[PDB]
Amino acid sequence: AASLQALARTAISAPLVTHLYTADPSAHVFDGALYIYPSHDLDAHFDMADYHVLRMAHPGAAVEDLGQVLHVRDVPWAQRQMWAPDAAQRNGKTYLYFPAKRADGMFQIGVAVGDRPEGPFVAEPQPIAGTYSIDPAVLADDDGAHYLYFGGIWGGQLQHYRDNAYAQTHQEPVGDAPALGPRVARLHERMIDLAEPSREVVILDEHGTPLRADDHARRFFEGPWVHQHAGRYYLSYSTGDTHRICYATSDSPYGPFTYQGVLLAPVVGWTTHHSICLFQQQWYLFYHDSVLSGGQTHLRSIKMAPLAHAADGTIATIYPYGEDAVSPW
């Protein structure tokens, strides 16, 4: 636990907050300010039960904790494990999208509605029909549509689904079979329903071939995020056991997306999760690691670092402890 100490010393970001553990940061600019919707790690395994909302009033501002806005006890369909959330706005309402586990052990995604971005949010009684697995991200397209992206394998259970239907004997593909991708569905105007069944998002390599299941350096693992820049859509995501946030580009929110490279090098703690958000004069990467907790994977803190799109559209790799650091993974 001294190799950990080198990384803390050269970390490029300090924890945005330290009075509670935070993870899975989803950043949005709502109503002139930056709101962050992270998960809330509890210091008792990932047994989170509630969400807070954080805010930066302006660039460089101190980070405000706007308090708890949703608890699993008010989510009647869910039993436990309030994981990586996201938010969207429409018609003056704010919607909090969140993955949670039913009593029978299956993850699904539910939504909660509020009249302000800081809530409080009133959760719908049933989960969103046609969703499953975890890690929602809702893209507010320039054209006025909203798209829901979701999925995570391993613990996230996506591997048990094909064409939106569960099977106990559905497993993660192996070898030369195409790796599973995240799901995408346009949202209905009423925002709490999908407008359509979800579709597979396909990630391609440099030769236009879907990433293979045995390509763990690049294949989708969990936590999709999409942002728009310079006329293209950027899909970014965690690769899980290779500990990277990678990204790919498409001219459509539906893909297919062509793999581009690594956006974030490995962080301390097993998981890595992020969002990418434009705030006034600067794009930022929001991410998390386990430095604050001394390396405990399930006790995380969110961070932010400035991100840069080059003229050719690529995004240079961000190294959370410096390019020189010995990677934690």
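Residue numbers run from 1 along the displayed sequence.
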As recorded in the PDB entry, how many deposited residues are without coordinates between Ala44 and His45: none, 1 to 3, 4 to 9, or 10 or more? 4 to 9
Quick check on the record: does 21-29 or 307-315 carry the larger mean Cα temperature factor? 307-315
Based on the PDB entry, the highest CA temperature factor among the options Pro136, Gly92, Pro178, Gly231 is that of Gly231
Please work out which residue in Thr249, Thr131, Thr239, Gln159 has the highest C-alpha B-factor recorded for this crystal structure. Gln159
For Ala14, the third of its chain into which the C-alpha B factor falls: middle
Quick check on the deposited entry: does the C-alpha B-factor of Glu124 sit in the lowest, middle or highest third of its chain? middle
Can you tell me whether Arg300 has a C-alpha B-factor in the lowest, middle or highest third compared with the other modelled residues of the same chain? middle
Where does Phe286 sit by CA temperature factor within its chain: lowest, middle or highest third? lowest
Which third, lowest, middle or highest, does the CA B-factor of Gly67 fall in along this chain? middle
